[PDB]
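Novice: Protein chains in written order, with the deposited numbering: chain C, 56 to 98; chain A, 780 to 834; chain T, 184 to 500; chain P, 3 to 78, 188 to 229. Just so it is clear, CB atoms sit at the ideal spot from N, CA and C, and this is done for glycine as well. Structure below; questions to follow.
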Amino acid sequence: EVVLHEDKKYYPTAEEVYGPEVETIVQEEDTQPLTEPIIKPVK
Amino acid sequence: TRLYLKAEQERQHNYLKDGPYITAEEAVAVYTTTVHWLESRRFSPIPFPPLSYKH
Amino acid sequence: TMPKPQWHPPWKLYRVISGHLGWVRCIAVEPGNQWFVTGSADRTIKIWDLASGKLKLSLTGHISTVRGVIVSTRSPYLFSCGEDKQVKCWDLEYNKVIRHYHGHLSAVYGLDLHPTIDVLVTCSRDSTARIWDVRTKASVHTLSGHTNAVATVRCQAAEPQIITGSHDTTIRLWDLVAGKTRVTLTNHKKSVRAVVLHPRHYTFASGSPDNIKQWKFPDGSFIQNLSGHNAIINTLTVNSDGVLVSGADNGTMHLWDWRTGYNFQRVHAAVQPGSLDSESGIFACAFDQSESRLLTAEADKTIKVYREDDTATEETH
Amino acid sequence: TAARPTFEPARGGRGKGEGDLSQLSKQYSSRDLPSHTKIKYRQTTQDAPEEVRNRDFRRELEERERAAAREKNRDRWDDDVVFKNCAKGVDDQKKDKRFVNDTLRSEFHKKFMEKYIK
Numbered sequence: 056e057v058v059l060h061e062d063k064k065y066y067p068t069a070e071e072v073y074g075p076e077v078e079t080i081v082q083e084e085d086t087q088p089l090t091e092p093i094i095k096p097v098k
Numbered sequence: 780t781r782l783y784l785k786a787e788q789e790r791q792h793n794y795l796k797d798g799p800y801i802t803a804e805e806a807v808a809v810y811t812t813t814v815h816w817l818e819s820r821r822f823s824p825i826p827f828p829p830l831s832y833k834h
Numbered sequence: 184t185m186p187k188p189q190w191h192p193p194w195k196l197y198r199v200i201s202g203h204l205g206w207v208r209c210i211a212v213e214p215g216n217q218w219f220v221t222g223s224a225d226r227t228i229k230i231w232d233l234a235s236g237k238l239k240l241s242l243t244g245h246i247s248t249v250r251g252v253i254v255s256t257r258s259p260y261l262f263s264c265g266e267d268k269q270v271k272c273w274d275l276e277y278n279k280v281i282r283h284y285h286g287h288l289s290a291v292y293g294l295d296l297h298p299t300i301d302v303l304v305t306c307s308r309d310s311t312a313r314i315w316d317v318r319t320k321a322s323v324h325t326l327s328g329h330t331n332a333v334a335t336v337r338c339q340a341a342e343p344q345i346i347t348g349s350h351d352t353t354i355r356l357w358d359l360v361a362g363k364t365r366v367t368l369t370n371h372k373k374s375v376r377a378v379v380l381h382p383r384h385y386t387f388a389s390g391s392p393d394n395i396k397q398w399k400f401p402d403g404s405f406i407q408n409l410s411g412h413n414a415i416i417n418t419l420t421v422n423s424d425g426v427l428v429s430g431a432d433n434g435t436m437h438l439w440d441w442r443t444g445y446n447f448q449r450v451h452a453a454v455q456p457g458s459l460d461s462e463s464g465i466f467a468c469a470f471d472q473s474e475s476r477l478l479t480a481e482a483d484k485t486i487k488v489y490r491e492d493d494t495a496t497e498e499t500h
Numbered sequence: 003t004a005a006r007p008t009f010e011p012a013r014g015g016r017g018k019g020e021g022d023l024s025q026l027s028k029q030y031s032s033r034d035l036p037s038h039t040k041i042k043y044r045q046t047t048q049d050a051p052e053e054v055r056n057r058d059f060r061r062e063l064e065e066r067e068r069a070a071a072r073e074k075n076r077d078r188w189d190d191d192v193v194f195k196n197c198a199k200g201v202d203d204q205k206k207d208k209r210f211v212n213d214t215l216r217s218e219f220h221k222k223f224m225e226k227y228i229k
């Protein structure tokens with residue numbers, strides 16, 4: 056029952072602090088690259 | 780280098796806090812395997828460097 | 184019991200968006216509820232899908248902390264400001280900066296778009312507001328007269344067209360045409376860091392750590408005084424149903440009635456897992472155009488999204 | 003002394019555009035040239051304010067919320192060796208799902224310090 060240093064879980068889970076009703080969305084890198092635009096021109 | 784030493788102080792503290800990781804059964808396994816290997820090869824253990832060592 | 188307030192349903196969290204690498208200092212909603220912007224301390228403006236809570240686009244270009252972000256309702260534009268001293272205009276058609284508005288001396292803290300003239304009005308730490316022409320990138324006027332940093336600005340089409348609170352505890356109601364002060368409201372004891380305009384009733388409120396004050400627009404008449412939420416409040420926002428929201432630097436957020444000023448809900452939300460107990464704090468909040476979501480921009484580098492509770496009355500004072 | 007903080011900033015209103023345009027200076031930068039001299043306006047399909055006025059936003063938002071929630075739901188020999196199978200039930204242990212608000216303890220930082228220090 057030894058926990059290695061590489062594991063070492065600090066900081067309890069986001070599902071455990073907000074609960075089952077709050078849906079946590081970790082958003083890193085993104086859909087639609089920077090050439091694909093916001094509001095489209097009239098083509 | 781400063782961020783590395785922050786992580787390294789963290790790691791040394793966690794080693795002194797969380798015990799060995801080595802799990803003494805496993806260390807006895809490692810030690811016993813090394814003992815059986817050294818006795819299998821008839822290894823002669825290195826002495827202290829003698830007072831009249833010619834080399 | 185002098186008034187009886189309207190019954191407002193309680194608000195509850197349902198979504199915690201995460202992904203900024205700095206304090207989220209501003210937020211704004213697009214006019215068609217398709218997406219919302221945030222600006223943050225990690226020098227990125229992030230476009231988020233409003234319905235799904237998913238990162239739509241990440242725009243870079245500020246050299247320092249992004250302080251304000253607003254979306255234009257008339258033109259297909261995105262205005263932003265930073266601690267960079269810079270005021271940018273983003274063409275959303277191209278996702279590229281096309282215009283920078285130059286002339287502020289220190290960090291730009293806020294901005295508001297005039298709703299009908301194409302005029303941008305910014306505040307800075309240099310104790311001035313400025314009035315920019317969007318098309319010619321020129322300072323029309325320099326609203327000077329505050330003595331400390333200037334925290335916030337709101338614009339109208341009706342009279343006083345420009346309203347600002349500042350860190351010298353005063354509020355100045357200005358004339359956009361002349362460029363001079365019309366009313367000085369000194370009622371607050373600490374720095375006015377939030378003002379909010381009502382959609383219908385031709386009043387405005389303003390917030391500071393002592394208490395929040397409501398006010399009639401032409402000459403700043405005192406109407407009321409809403410107290411109980413005692414922390415450094417960063418933003419105020421209003422729902423057309425008369426819900427005032429007052430969020431503060433301790434992370435607390437109190438939900439108020441506009442008309443009577445009754446505190447019906449206190450939401451002291453929990454921080455993100457890695458976050459620190461002293462890092463709870465709100466910097467910005469916005470209603471969506473449906474006015475049924477509440478977007479808060481938190482000091483634990485998250486966005487929190489709230490909605491009204493469909494479990495009816497459990498309430499009434 | 004020489005090395006000192008500020009404790010008061012500079013106040014705007016006394017230079018180049020501030021009161022009389024520095025008494026109408028004939029000095030101008032390259033960045034002050036005519037550029038983007040035409041405001042674009044929102045068209046009928048973009049989000050023009052006439053198109054945004056009649057709309058009921060809550061119903062459309064609830065529809066988009068419903069579709070997004072439905073999409074997220076529909077997505078998801189030498190037997191004589193001194194150590195047996197040590198990794199028995201370790202199914203990769205989802206550290207790469209957690210987001211942690213600590214720059215020394217993010218999974219990004221652990222990968223960073225593992226990758227760039229030898």
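From residue 398 of chain T to residue 440 of chain T, what distance separates their C-alpha atoms?
Specialist: In a straight line, the C-alpha of residue 398 of chain T is about 15 Å away from that of residue 440 of chain T.
Novice: Report yes or no: is there a C-beta of chain T within less than 9 Å of the C-beta of residue 12 of chain P?
Specialist: yes
Novice: How would you call residue 343 of chain T, buried or exposed, if buried means at least 16 neighbouring beta carbons within 10 angstroms?
Specialist: That one is buried.
Novice: Quick check: the Cα distance between residue 305 of chain T and residue 357 of chain T, rounded to an integer number of angstroms?
Specialist: 13 Å
Novice: Can the beta-carbon of residue 799 of chain A be found less than 9 Å from the beta-carbon of residue 58 of chain C?
Specialist: no
Novice: Would you grab the beta carbon distance between residue 250 of chain T and residue 290 of chain T for me? Rounded to a whole angstrom, and I think it's under 8 Å.
Specialist: That pair is a contact at about 7 Å.
Novice: Would you call the stretch 316-331 of chain T in contact with the stretch 361-370 of chain T, where contact means no fewer than 3 C-beta pairs closer than 8 Å?
Specialist: yes
Novice: Tell me which residues of the stretch 73-85 of chain C have at least one Cβ-Cβ distance to chain T shorter than 8 Å, keeping chain order.
Specialist: Hits within the stretch, in order: 73, 76, 77, 78, 79, 80, 81, 82, 83, 84 and 85.
Novice: With distance defined between alpha-carbon atoms, name the residue in T:273, T:490, T:256 and T:216 nearest to residue 243 of chain T.
Specialist: T:273
Novice: Taking DSSP as the reference, what is the three-state secondary structure of residue 231 of chain T?
Specialist: strand
Novice: Let me see if you follow: with CB-CB separation under 9 Å, is residue 193 of chain P close to chain A or not?
Specialist: yes
Novice: Is it buried or exposed, residue 421 of chain T, if we count other Cβ atoms within 10 angstroms and call 16 or more buried?
Specialist: buried
Novice: Give me, in chain order, the residues of the same chain whose beta-carbon lies closer than 7 Å to that of residue 73 of chain C; leave out the 5 immediate sequence neighbours on both sides.
Specialist: 79
Novice: Below 8 Å on the Cβ atoms is my contact criterion, and I expect residue 488 of chain T with residue 198 of chain T to pass it. Report the Cβ-Cβ distance as a whole number of Å.
Specialist: 4 Å
Novice: Name the one or two DSSP bridge partners that residue 415 of chain T has.
Specialist: None, per the DSSP bridge assignment.
Novice: Report the residue from T:246, T:497, T:432 and T:457 whose alpha carbon sits nearest the alpha carbon of residue 215 of chain P.
Specialist: T:457
Novice: Cβ closer than 7 Å: which chain A residues qualify as neighbours of residue 63 of chain C?
Specialist: 793
Novice: Would you kindly check if the distance between the Cβ of residue 477 of chain T and the Cβ of residue 469 of chain T is under 9 Å?
Specialist: yes
Novice: For the alpha helix (DSSP H) that contains residue 224 of chain P, what are its first and last residues?
Specialist: Bounds of the alpha helix (DSSP H) holding residue 224 of chain P are 218-227.
Novice: Assuming contact is defined by CB atoms lying nearer than 9 Å, are residue 417 of chain T and residue 463 of chain T in contact in what I supplied?
Specialist: no
Novice: Assuming contact is defined by CB atoms lying nearer than 9 Å, are residue 426 of chain T and residue 378 of chain T in contact in what I supplied?
Specialist: no
Novice: Is it the case that the stretch 191-208 of chain T contacts the stretch 42-51 of chain P, given that we only count it when at least three CB pairs across the two stretches are under 8 Å?
Specialist: Remark: fewer than three beta-carbon pairs, one from each stretch, lie closer than 8 Å, so the stretch 42-51 of chain P and the stretch 191-208 of chain T are not flagged as touching.
Novice: Relative to the C-alpha of residue 345 of chain T, which residue among T:303, T:373, T:480 and T:351 is closest?
Specialist: T:303
Novice: Could one say the Cβ of residue 75 of chain P lies closer than 9 Å to chain T's Cβ atoms, at least one of them?
Specialist: no
Novice: Show which residues of chain A have a CB atom less than 7 Å away from the CB atom of residue 228 of chain P.
Specialist: 783
Novice: Helix, strand or coil for residue 190 of chain T, going by three-state DSSP, please let me know.
Specialist: coil
Novice: Can you check whether the C-beta of residue 780 of chain A is within less than 9 Å of a C-beta belonging to chain C?
Specialist: no
Novice: On the DSSP letters alone, give me the boundaries of the beta strand (DSSP E) that residue 77 of chain P sits inside.
Specialist: Run containing residue 77 of chain P: none in the beta strand (DSSP E); it sits in the alpha helix (DSSP H), 59-77.
Novice: Can you check whether the C-beta of residue 208 of chain P is within less than 9 Å of a C-beta belonging to chain C?
Specialist: Interface residue, yes.
Novice: For the candidate residues T:484, T:471 and T:486, whose alpha-carbon lies nearest to that of residue 60 of chain P?
Specialist: T:471
Novice: Is there a C-beta anywhere in chain T that falls below 9 Å from the one on residue 59 of chain P?
Specialist: yes
Novice: According to DSSP, simplified to helix, strand and coil, what is residue 82 of chain C?
Specialist: coil
Novice: With distance defined between alpha-carbon atoms, name the residue in T:222, T:216 and T:479 nearest to residue 66 of chain P.
Specialist: T:216
Novice: Can you find a C-beta in chain C that's less than 9 Å from the C-beta of residue 198 of chain T?
Specialist: yes
Novice: I'd like the span of the beta strand (DSSP E) that includes residue 271 of chain T, first residue to last.
Specialist: Unbroken beta strand (DSSP E) run through residue 271 of chain T: 270-274.
Novice: Residues of the stretch 268-283 of chain T in Cβ contact with chain C at a cutoff of 7 Å, in chain order, please.
Specialist: 275, 276, 277 and 278
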